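A.B. asks: Dropping in entry.cif, which is mmCIF, C-alpha atoms and all ligand atoms:
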```cif
data_run
loop_
_atom_site.group_PDB
_atom_site.id
_atom_site.type_symbol
_atom_site.label_atom_id
_atom_site.label_comp_id
_atom_site.auth_asym_id
_atom_site.auth_seq_id
_atom_site.Cartn_x
_atom_site.Cartn_y
_atom_site.Cartn_z
ATOM 1 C CA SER A 96 0.000 0.000 0.000
ATOM 2 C CA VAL A 97 3.125 2.187 -0.147
ATOM 3 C CA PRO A 98 5.481 2.043 -3.162
ATOM 4 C CA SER A 99 9.172 1.697 -2.386
ATOM 5 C CA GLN A 100 11.404 4.751 -2.724
ATOM 6 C CA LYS A 101 14.717 2.892 -2.353
ATOM 7 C CA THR A 102 17.340 4.110 -4.815
ATOM 8 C CA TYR A 103 18.352 1.132 -6.944
ATOM 9 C CA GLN A 104 20.651 1.469 -9.940
ATOM 10 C CA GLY A 105 20.159 -2.164 -10.973
ATOM 11 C CA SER A 106 21.940 -4.031 -13.728
ATOM 12 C CA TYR A 107 21.857 -1.097 -16.156
ATOM 13 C CA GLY A 108 23.215 1.574 -13.780
ATOM 14 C CA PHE A 109 19.998 3.604 -13.942
ATOM 15 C CA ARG A 110 19.872 7.070 -12.386
ATOM 16 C CA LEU A 111 18.337 10.493 -12.992
ATOM 17 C CA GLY A 112 19.977 13.767 -13.956
ATOM 18 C CA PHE A 113 18.850 17.369 -13.777
ATOM 19 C CA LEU A 114 19.809 20.564 -15.555
ATOM 20 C CA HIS A 115 21.432 23.504 -13.770
ATOM 21 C CA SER A 116 18.779 26.189 -14.214
ATOM 22 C CA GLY A 117 19.752 28.577 -11.403
ATOM 23 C CA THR A 118 17.489 30.440 -8.997
ATOM 24 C CA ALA A 119 16.557 33.686 -10.744
ATOM 25 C CA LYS A 120 13.076 35.001 -9.993
ATOM 26 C CA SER A 121 12.020 34.119 -13.557
ATOM 27 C CA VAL A 122 13.054 30.446 -13.499
ATOM 28 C CA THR A 123 10.201 28.003 -14.088
ATOM 29 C CA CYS A 124 11.898 24.760 -13.004
ATOM 30 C CA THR A 125 15.016 24.295 -10.901
ATOM 31 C CA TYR A 126 16.575 21.342 -9.107
ATOM 32 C CA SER A 127 18.393 21.457 -5.756
ATOM 33 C CA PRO A 128 21.037 18.730 -5.387
ATOM 34 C CA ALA A 129 21.497 19.566 -1.705
ATOM 35 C CA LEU A 130 17.795 18.975 -1.023
ATOM 36 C CA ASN A 131 17.222 16.363 -3.780
ATOM 37 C CA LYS A 132 14.232 18.527 -4.590
ATOM 38 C CA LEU A 133 12.740 19.861 -7.824
ATOM 39 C CA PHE A 134 10.958 23.228 -7.645
ATOM 40 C CA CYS A 135 8.639 24.059 -10.522
ATOM 41 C CA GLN A 136 5.757 26.228 -11.634
ATOM 42 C CA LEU A 137 2.306 24.809 -12.321
ATOM 43 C CA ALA A 138 2.056 22.917 -15.624
ATOM 44 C CA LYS A 139 5.516 23.974 -16.819
ATOM 45 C CA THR A 140 8.096 21.755 -18.500
ATOM 46 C CA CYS A 141 10.302 19.798 -16.081
ATOM 47 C CA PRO A 142 13.203 18.138 -17.952
ATOM 48 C CA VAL A 143 14.376 14.971 -16.234
ATOM 49 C CA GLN A 144 17.378 13.131 -17.653
ATOM 50 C CA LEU A 145 17.703 9.349 -17.661
ATOM 51 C CA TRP A 146 21.253 7.931 -17.505
ATOM 52 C CA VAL A 147 22.410 4.317 -17.779
ATOM 53 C CA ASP A 148 25.739 2.536 -17.915
ATOM 54 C CA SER A 149 24.444 -0.064 -20.388
ATOM 55 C CA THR A 150 21.478 -0.265 -22.739
ATOM 56 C CA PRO A 151 18.338 -1.948 -21.364
ATOM 57 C CA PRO A 152 16.413 -4.425 -23.539
ATOM 58 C CA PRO A 153 13.823 -3.340 -26.105
ATOM 59 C CA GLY A 154 10.505 -2.970 -24.331
ATOM 60 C CA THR A 155 11.962 -1.429 -21.174
ATOM 61 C CA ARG A 156 9.800 1.429 -19.868
ATOM 62 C CA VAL A 157 10.118 4.365 -17.450
ATOM 63 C CA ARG A 158 7.298 5.091 -14.985
ATOM 64 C CA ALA A 159 6.676 8.170 -12.823
ATOM 65 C CA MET A 160 4.477 8.138 -9.724
ATOM 66 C CA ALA A 161 3.956 10.616 -6.881
ATOM 67 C CA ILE A 162 3.618 9.743 -3.201
ATOM 68 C CA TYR A 163 3.321 11.872 -0.100
ATOM 69 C CA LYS A 164 6.673 12.239 1.669
ATOM 70 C CA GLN A 165 5.379 12.250 5.256
ATOM 71 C CA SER A 166 4.726 8.801 6.691
ATOM 72 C CA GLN A 167 1.282 9.699 8.074
ATOM 73 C CA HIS A 168 0.121 10.534 4.520
ATOM 74 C CA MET A 169 2.012 7.946 2.480
ATOM 75 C CA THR A 170 -1.013 5.678 2.030
ATOM 76 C CA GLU A 171 -3.113 8.487 0.513
ATOM 77 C CA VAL A 172 -3.214 8.582 -3.290
ATOM 78 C CA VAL A 173 -1.623 11.775 -4.632
ATOM 79 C CA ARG A 174 -4.153 13.310 -7.015
ATOM 80 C CA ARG A 175 -5.199 16.656 -8.419
ATOM 81 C CA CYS A 176 -7.345 18.838 -6.184
ATOM 82 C CA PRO A 177 -11.131 19.270 -6.562
ATOM 83 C CA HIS A 178 -10.631 22.409 -8.663
ATOM 84 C CA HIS A 179 -7.910 21.281 -11.061
ATOM 85 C CA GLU A 180 -9.416 17.867 -11.755
ATOM 86 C CA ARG A 181 -12.445 19.780 -13.164
ATOM 87 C CA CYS A 182 -10.725 22.544 -15.124
ATOM 88 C CA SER A 183 -10.866 20.778 -18.534
ATOM 89 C CA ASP A 184 -7.151 21.331 -19.216
ATOM 90 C CA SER A 185 -6.899 17.865 -20.769
ATOM 91 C CA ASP A 186 -4.267 17.035 -23.376
ATOM 92 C CA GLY A 187 -6.401 14.200 -24.782
ATOM 93 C CA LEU A 188 -4.307 11.503 -23.069
ATOM 94 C CA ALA A 189 -3.812 12.269 -19.370
ATOM 95 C CA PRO A 190 -6.846 11.639 -17.168
ATOM 96 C CA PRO A 191 -7.857 14.932 -15.535
ATOM 97 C CA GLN A 192 -7.169 13.504 -12.054
ATOM 98 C CA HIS A 193 -3.472 12.738 -12.695
ATOM 99 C CA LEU A 194 -0.916 15.068 -11.117
ATOM 100 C CA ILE A 195 2.003 14.021 -13.350
ATOM 101 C CA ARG A 196 1.856 14.243 -17.140
ATOM 102 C CA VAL A 197 4.448 13.507 -19.792
ATOM 103 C CA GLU A 198 4.662 16.265 -22.404
ATOM 104 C CA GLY A 199 5.043 15.595 -26.097
ATOM 105 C CA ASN A 200 5.117 11.786 -26.158
ATOM 106 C CA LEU A 201 2.191 10.108 -27.903
ATOM 107 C CA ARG A 202 3.346 6.754 -26.505
ATOM 108 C CA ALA A 203 2.787 7.836 -22.899
ATOM 109 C CA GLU A 204 0.333 5.598 -21.059
ATOM 110 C CA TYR A 205 -1.579 6.578 -17.929
ATOM 111 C CA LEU A 206 -2.416 3.959 -15.308
ATOM 112 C CA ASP A 207 -5.085 3.987 -12.617
ATOM 113 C CA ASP A 208 -3.900 1.001 -10.587
ATOM 114 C CA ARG A 209 -6.824 -1.388 -10.152
ATOM 115 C CA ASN A 210 -5.766 -2.373 -6.607
ATOM 116 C CA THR A 211 -4.011 0.671 -5.110
ATOM 117 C CA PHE A 212 -5.855 3.362 -7.126
ATOM 118 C CA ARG A 213 -2.555 5.213 -7.526
ATOM 119 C CA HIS A 214 -1.814 7.117 -10.713
ATOM 120 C CA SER A 215 1.280 6.806 -12.835
ATOM 121 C CA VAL A 216 2.501 7.689 -16.306
ATOM 122 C CA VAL A 217 4.804 5.359 -18.236
ATOM 123 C CA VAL A 218 6.748 5.761 -21.499
ATOM 124 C CA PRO A 219 8.893 3.397 -23.587
ATOM 125 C CA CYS A 220 12.632 3.752 -23.248
ATOM 126 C CA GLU A 221 14.194 5.266 -26.353
ATOM 127 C CA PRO A 222 17.932 5.758 -26.934
ATOM 128 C CA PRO A 223 19.424 9.263 -26.899
ATOM 129 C CA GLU A 224 19.348 11.281 -30.086
ATOM 130 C CA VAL A 225 22.592 11.154 -32.044
ATOM 131 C CA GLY A 226 25.045 13.475 -30.314
ATOM 132 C CA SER A 227 23.446 13.097 -26.876
ATOM 133 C CA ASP A 228 24.528 10.907 -23.983
ATOM 134 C CA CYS A 229 21.212 10.676 -22.135
ATOM 135 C CA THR A 230 17.480 10.692 -22.802
ATOM 136 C CA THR A 231 15.244 13.444 -21.406
ATOM 137 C CA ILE A 232 11.587 13.116 -20.406
ATOM 138 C CA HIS A 233 9.533 16.294 -20.023
ATOM 139 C CA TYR A 234 7.126 16.124 -17.077
ATOM 140 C CA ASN A 235 4.384 18.524 -16.006
ATOM 141 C CA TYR A 236 2.941 18.819 -12.489
ATOM 142 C CA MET A 237 -0.711 19.825 -12.701
ATOM 143 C CA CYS A 238 -1.465 21.157 -9.180
ATOM 144 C CA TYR A 239 0.322 23.438 -6.749
ATOM 145 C CA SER A 240 1.717 21.887 -3.585
ATOM 146 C CA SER A 241 -0.624 24.293 -1.767
ATOM 147 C CA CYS A 242 -3.861 23.259 -3.550
ATOM 148 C CA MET A 243 -6.629 22.895 -0.992
ATOM 149 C CA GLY A 244 -8.344 19.523 -0.985
ATOM 150 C CA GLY A 245 -5.419 18.075 -2.954
ATOM 151 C CA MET A 246 -1.776 18.147 -1.890
ATOM 152 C CA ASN A 247 -2.806 20.800 0.675
ATOM 153 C CA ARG A 248 0.791 21.940 1.448
ATOM 154 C CA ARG A 249 2.022 18.358 1.977
ATOM 155 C CA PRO A 250 5.370 17.582 0.310
ATOM 156 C CA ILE A 251 5.488 14.849 -2.300
ATOM 157 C CA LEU A 252 8.160 12.804 -3.927
ATOM 158 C CA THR A 253 8.270 11.560 -7.481
ATOM 159 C CA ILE A 254 9.476 7.972 -7.860
ATOM 160 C CA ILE A 255 10.936 7.085 -11.269
ATOM 161 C CA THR A 256 11.144 3.363 -12.004
ATOM 162 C CA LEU A 257 12.826 1.550 -14.871
ATOM 163 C CA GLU A 258 10.680 -1.509 -15.661
ATOM 164 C CA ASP A 259 10.817 -4.462 -18.000
ATOM 165 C CA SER A 260 7.971 -5.174 -20.423
ATOM 166 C CA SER A 261 6.027 -7.029 -17.682
ATOM 167 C CA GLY A 262 6.425 -4.157 -15.219
ATOM 168 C CA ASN A 263 9.104 -5.829 -13.095
ATOM 169 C CA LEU A 264 11.560 -3.511 -11.358
ATOM 170 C CA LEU A 265 14.908 -2.869 -13.066
ATOM 171 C CA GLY A 266 15.903 0.418 -11.413
ATOM 172 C CA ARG A 267 14.571 3.204 -9.227
ATOM 173 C CA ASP A 268 15.373 6.806 -8.340
ATOM 174 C CA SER A 269 13.380 9.596 -6.711
ATOM 175 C CA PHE A 270 13.239 13.286 -5.853
ATOM 176 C CA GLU A 271 11.073 15.588 -3.775
ATOM 177 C CA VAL A 272 8.873 18.083 -5.651
ATOM 178 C CA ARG A 273 7.429 21.458 -4.696
ATOM 179 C CA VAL A 274 5.056 23.003 -7.221
ATOM 180 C CA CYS A 275 4.978 26.711 -6.492
ATOM 181 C CA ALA A 276 4.693 30.182 -7.994
ATOM 182 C CA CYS A 277 8.367 31.170 -7.492
ATOM 183 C CA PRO A 278 10.647 28.116 -7.635
ATOM 184 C CA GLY A 279 13.848 30.187 -7.720
ATOM 185 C CA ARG A 280 13.068 32.005 -4.489
ATOM 186 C CA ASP A 281 11.740 28.879 -2.783
ATOM 187 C CA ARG A 282 14.864 26.906 -3.698
ATOM 188 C CA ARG A 283 17.048 29.709 -2.316
ATOM 189 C CA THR A 284 14.968 29.873 0.873
ATOM 190 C CA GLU A 285 15.018 26.133 1.505
ATOM 191 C CA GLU A 286 18.741 25.839 0.734
ATOM 192 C CA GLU A 287 19.482 28.622 3.214
ATOM 193 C CA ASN A 288 17.288 26.938 5.838
ATOM 194 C CA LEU A 289 19.285 23.737 5.299
ATOM 195 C CA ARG A 290 22.604 25.573 5.654
ATOM 196 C CA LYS A 291 21.422 27.338 8.817
ATOM 197 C CA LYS A 292 20.374 23.959 10.258
HETATM 198 O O1 LIG B 301 23.107 4.784 -24.762
HETATM 199 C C1 LIG B 301 22.109 4.012 -25.099
HETATM 200 O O2 LIG B 301 22.183 3.161 -25.982
HETATM 201 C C2 LIG B 301 20.860 4.229 -24.321
HETATM 202 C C3 LIG B 301 19.733 3.462 -24.621
HETATM 203 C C4 LIG B 301 18.565 3.637 -23.903
HETATM 204 I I1 LIG B 301 16.937 2.401 -24.474
HETATM 205 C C5 LIG B 301 18.532 4.597 -22.877
HETATM 206 N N1 LIG B 301 17.401 4.807 -22.022
HETATM 207 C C6 LIG B 301 16.253 5.504 -22.345
HETATM 208 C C7 LIG B 301 15.466 5.631 -21.240
HETATM 209 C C8 LIG B 301 16.168 4.950 -20.192
HETATM 210 F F1 LIG B 301 15.734 4.830 -18.915
HETATM 211 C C9 LIG B 301 17.334 4.448 -20.690
HETATM 212 C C10 LIG B 301 19.647 5.416 -22.564
HETATM 213 I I2 LIG B 301 19.613 6.961 -21.121
HETATM 214 C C11 LIG B 301 20.820 5.205 -23.291
HETATM 215 O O3 LIG B 301 21.919 5.946 -22.986
HETATM 216 ZN ZN ZN B 302 -4.925 21.994 -7.756
#
```
Please, can you express the file's structure as structure tokens?
Ligand SMILES: O=C(O)c1cc(I)c(-n2ccc(F)c2)c(I)c1O
Ligand SMILES: [Zn+2]
C.D. replies:
Amino acid sequence: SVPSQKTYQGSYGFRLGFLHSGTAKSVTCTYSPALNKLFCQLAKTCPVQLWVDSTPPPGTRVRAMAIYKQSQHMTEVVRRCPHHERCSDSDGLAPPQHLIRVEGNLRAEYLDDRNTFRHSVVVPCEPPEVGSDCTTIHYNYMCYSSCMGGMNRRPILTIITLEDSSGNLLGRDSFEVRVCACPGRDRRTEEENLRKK
């Protein structure tokens, strides 16, 4: 009833990577290594790199799922709030309840788990474009961390799993997410709080 968040590189040496976007007031997505935390604006592009040491088999897929970070909320399904699930901002593929979307990939599949009711979005693994050393997925987060009746100020983490064609685990990584109006300032604030602690 709670998905694992254990980092697991597995046989293929799977791990995530993030750009270095800085903390200017205008930034729309920025990752803090010190906090292992992505800060992003509502519905804006979040580039997440996938890195491996060796090529996984054809049919390998990459799944994203959100869970609440705090143990007393971990069993609650992370979903969009009562406002955003009704705002008809559909892309034709993502169910309106799903917090996490993949942008610009017609092969993205969205799962409502029949037993846990949790949401996830999964895409096929594709090799890097010629001249690149990693593959990038573009995610969108479709509610603010603060949305009442949804995340309601509770922190979440995104779990990224590398899976075989049956859905068996090959690799896992994760990061905390805050969806907020000013990710640059919030990253600076939280990094300073960490330093002061
Ligand atoms: O180099 C390759 O040949 C190569 C092949 C693949 I399929 C992938 N890959 C894509 C998504 C993922 F989770 C892993 C990657 I990243 C690669 O660097
Ligand atoms: Zn919302």
A.B. asks: Do a neighbour search on residue A:215 at 8 Å with all atoms listed in the file, toss out local chain neighbours closer than 4 positions, and write the hits as a list in words.
C.D. replies: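 Those residues are residues 158, 159, 160, 161, 193, 195, 205, 206 and 207 of chain A.
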A.B. asks: Any residue with an atom at most 8 Å from ligand LIG 301 (chain B) counts, using all atoms listed in the file. Which are they? Put them as a PyMOL selection string.
C.D. replies: chain A and resi 109+144-153+155-157+219-223+228-231+257
A.B. asks: On this structure, which residues satisfy the PyMOL selection byres (((not hetatm)) within 12 of (chain B and resi 302)), written as a count of residues only?
C.D. replies: 33
A.B. asks: Using all atoms listed in the file, which of the listed residues (A:168, A:216, A:140, A:113) sits closest to residue A:127?
C.D. replies: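 Distance minimum relative to residue A:127 lands on A:113.
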A.B. asks: Considering all atoms listed in the file, state which residue in the set A:105, A:234, A:289, A:97 is at the smallest distance from residue A:267.
C.D. replies: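 Counting all atoms listed in the file, the residue closest to residue A:267 is A:105.
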A.B. asks: Write out N, CA, C and O atoms for stretch 154-167 of chain A, as a CSV table (one decimal), in the frame of the given file.
C.D. replies:
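Dumped everything to rebuild37.csv:
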```
chain,number,residue,atom,x,y,z
A,154,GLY,N,11.7,-2.7,-25.1
A,154,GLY,CA,10.5,-3.0,-24.3
A,154,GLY,C,10.6,-2.5,-22.9
A,154,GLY,O,9.6,-2.5,-22.2
A,155,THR,N,11.8,-2.1,-22.5
A,155,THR,CA,12.0,-1.4,-21.2
A,155,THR,C,11.2,-0.1,-21.2
A,155,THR,O,11.1,0.6,-22.2
A,156,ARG,N,10.6,0.2,-20.0
A,156,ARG,CA,9.8,1.4,-19.9
A,156,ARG,C,10.2,2.2,-18.6
A,156,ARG,O,10.9,1.7,-17.7
A,157,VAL,N,9.8,3.5,-18.5
A,157,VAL,CA,10.1,4.4,-17.4
A,157,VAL,C,8.8,4.9,-16.9
A,157,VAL,O,8.0,5.5,-17.7
A,158,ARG,N,8.5,4.7,-15.6
A,158,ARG,CA,7.3,5.1,-15.0
A,158,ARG,C,7.6,6.2,-13.9
A,158,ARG,O,8.6,6.1,-13.2
A,159,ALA,N,6.6,7.1,-13.9
A,159,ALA,CA,6.7,8.2,-12.8
A,159,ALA,C,5.4,8.1,-12.0
A,159,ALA,O,4.3,7.9,-12.5
A,160,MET,N,5.6,8.2,-10.7
A,160,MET,CA,4.5,8.1,-9.7
A,160,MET,C,4.8,9.1,-8.6
A,160,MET,O,5.9,9.1,-8.1
A,161,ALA,N,3.8,9.8,-8.0
A,161,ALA,CA,4.0,10.6,-6.9
A,161,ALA,C,3.4,9.9,-5.6
A,161,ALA,O,2.4,9.3,-5.7
A,162,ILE,N,4.1,10.1,-4.5
A,162,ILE,CA,3.6,9.7,-3.2
A,162,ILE,C,3.8,10.9,-2.2
A,162,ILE,O,4.7,11.7,-2.4
A,163,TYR,N,3.0,10.9,-1.2
A,163,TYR,CA,3.3,11.9,-0.1
A,163,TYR,C,4.6,11.5,0.6
A,163,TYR,O,4.8,10.3,0.9
A,164,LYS,N,5.4,12.5,1.0
A,164,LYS,CA,6.7,12.2,1.7
A,164,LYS,C,6.5,11.9,3.1
A,164,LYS,O,7.3,11.0,3.7
A,165,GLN,N,5.5,12.5,3.8
A,165,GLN,CA,5.4,12.2,5.3
A,165,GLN,C,4.7,10.9,5.5
A,165,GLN,O,3.7,10.6,4.9
A,166,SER,N,5.2,10.2,6.5
A,166,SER,CA,4.7,8.8,6.7
A,166,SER,C,3.2,8.7,7.0
A,166,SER,O,2.6,7.8,6.6
A,167,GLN,N,2.7,9.7,7.7
A,167,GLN,CA,1.3,9.7,8.1
A,167,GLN,C,0.4,10.0,6.9
A,167,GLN,O,-0.9,9.8,7.0
```
